[PDB]
Structures are given as C-alpha cells and as structure tokens.
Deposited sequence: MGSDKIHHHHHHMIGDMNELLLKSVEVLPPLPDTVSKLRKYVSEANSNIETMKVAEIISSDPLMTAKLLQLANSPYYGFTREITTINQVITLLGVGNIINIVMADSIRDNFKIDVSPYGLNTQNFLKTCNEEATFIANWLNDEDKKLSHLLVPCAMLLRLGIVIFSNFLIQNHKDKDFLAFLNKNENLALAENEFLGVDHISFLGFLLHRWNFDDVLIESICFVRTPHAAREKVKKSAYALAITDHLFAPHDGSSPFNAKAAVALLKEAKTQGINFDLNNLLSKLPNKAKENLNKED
C-alpha cells in the first residue's frame, strides 16, 4: 500500500527458496554414481531459477568478499565449491511452505520448467562460440527473469489470491496489469529490487530491468539487455516464438546492429527454435 511495502513482503517470502525437485534428483544421481566434474554440476544448476538465485545470492555475500562481482554459474561453483552446492540442494526445510506452481498465471508448471531448460540450452547453443562470456551471463539473466512469476505465484497462493488473479489475467490477458492490480508491482521491477538487495552485479540486474527497452540501457548493458529480450521473445511462457514474437526477435538483432552491437543474423536464424522458424512468415 505504501510504495515499496509489497517489495518487503515478497522479499520475506523468498528468504528460503527450495530447489526444483528435478535438480535434487539429478544432483543426487550424479553424486551417488560419481570424481566430480564442475560442468556436470553447472549443467544441472543452470536450468534451476531458484538455485540460480539462491546460489548467486550466497556467492555475492560479504562472507566471501566478492560482493556484486559474481554473475555466472561457473564463478559460483568456483567460489562456493561443489560441497556447499550439494549441501544446499539436499537440504530440507520441513516447516517451509514455498510452492513451486505457476498455475496462477494459467501455466502448466511441468511444461514451464521444461521450457526453462530449453531456453537455457538455446542460449548456450546460440552464443557459446559467438560470445562465450555473454552466454555465461545470459543464462542466469533468463532464469532470473523466469523466477519472477515463480515468486509471484507462490505469494499469490500463500495469500489466497491466486484464483482471483488467474480469473483477472484470463479475462484481461496482460501480466503487468494483473500484477499491479493484485500486488501493486510488476515482477521485473521486483526482480530489480530483489537482486540489488541481494548484492547481485549491476549489469546483470539492469539487463533484466531494461529487457522491454534494450535501446535505453547504458552502453555496457545494451548487448545483454538485447540478447535477453531476443531470447524472451522466443521463450516467454505465454507467447514465446509466436509469429509476432519470432519476427520481433529477428528485428531486435538488427536494431542492436545499428548501435555496433554485432549479432550474426544468420547464426540466430539457424539456431531459432522450430516453432519460431516456422512462425517467422505467418501472420501475427
């Protein structure tokens, strides 16, 4: 009600975040059957929005003295070690009631999580050769973006507003308007508040915050804001890779080029998901 209050409630709601059950299963299998490879651990974590957030938070903590300097899952693994990561992923907060459930947004949770992994996979596929440093930054950006609606959904469910929210959203078809109506804030703004409070790096934060206006970001944030917006047009849960959104992704690559940010047009096109490729010529 007071500008900034909702932000603090939401913050409290994510003081404990569980891992995805799939992360727990994959990590337990890999560990039981292993000596440890960091890359295999990274591959499991990198598709988990919740662990991405908690692990980056812990890694940017004053305890380690690299505050606001850790932005990648590889850096996280390097700083934290696999031992801490295992212990955090296997942990069980018995009394904790965090719900991993995007049904308030009209989404199938299992499909949403599977598409998160396809998006993570796409980013690496698209950029690991072309711009490896950007790929390493961008996967966490995209996962953190996806965490927005996971946090919002849990909050709505904990507070018995999820049904009213879904009804409103089903009827009105605009996420930010529904969020402002029920929470007083949108999830992208909240992510900016949240990630600043948790000592994340400013370029990562601002890539997320400027995803809707990448041209308006600071010069050093533009490349990643553009790349995140391209990805989001392709992988957004509600309308990712629609004719409109597929075209809009390609267009954005060409706009970034006008400012001397060089994405290879052909490389993106050849790497587009099938849905997007097939939609590129259809009417909006």
Non-modelled portions of the deposited polymer sequence, in sequence order: 1-11, 46-47
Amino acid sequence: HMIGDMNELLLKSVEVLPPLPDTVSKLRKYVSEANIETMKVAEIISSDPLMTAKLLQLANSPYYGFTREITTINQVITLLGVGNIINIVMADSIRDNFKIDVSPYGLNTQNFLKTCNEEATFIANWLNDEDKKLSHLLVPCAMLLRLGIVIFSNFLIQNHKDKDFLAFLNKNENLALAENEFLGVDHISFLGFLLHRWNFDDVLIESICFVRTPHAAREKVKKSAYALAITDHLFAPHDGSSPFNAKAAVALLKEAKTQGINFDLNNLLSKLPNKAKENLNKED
From here on, numbers count along this sequence of modelled residues.
Given 169-177 and 144-152, the range whose Cα B-factors average higher in the PDB entry: 169-177
Ranked C-alpha temperature factor of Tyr226 among modelled chain residues, by third: lowest
Relative C-alpha B-factor of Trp198, binned into the chain's lowest, middle or highest third: middle
Ranked against its chain, the third holding the CA B-factor of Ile208: lowest
Chain thirds of CA B-factor: placement of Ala59: lowest
CA B-factor placement of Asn108, once the chain's modelled residues are sorted into thirds: lowest
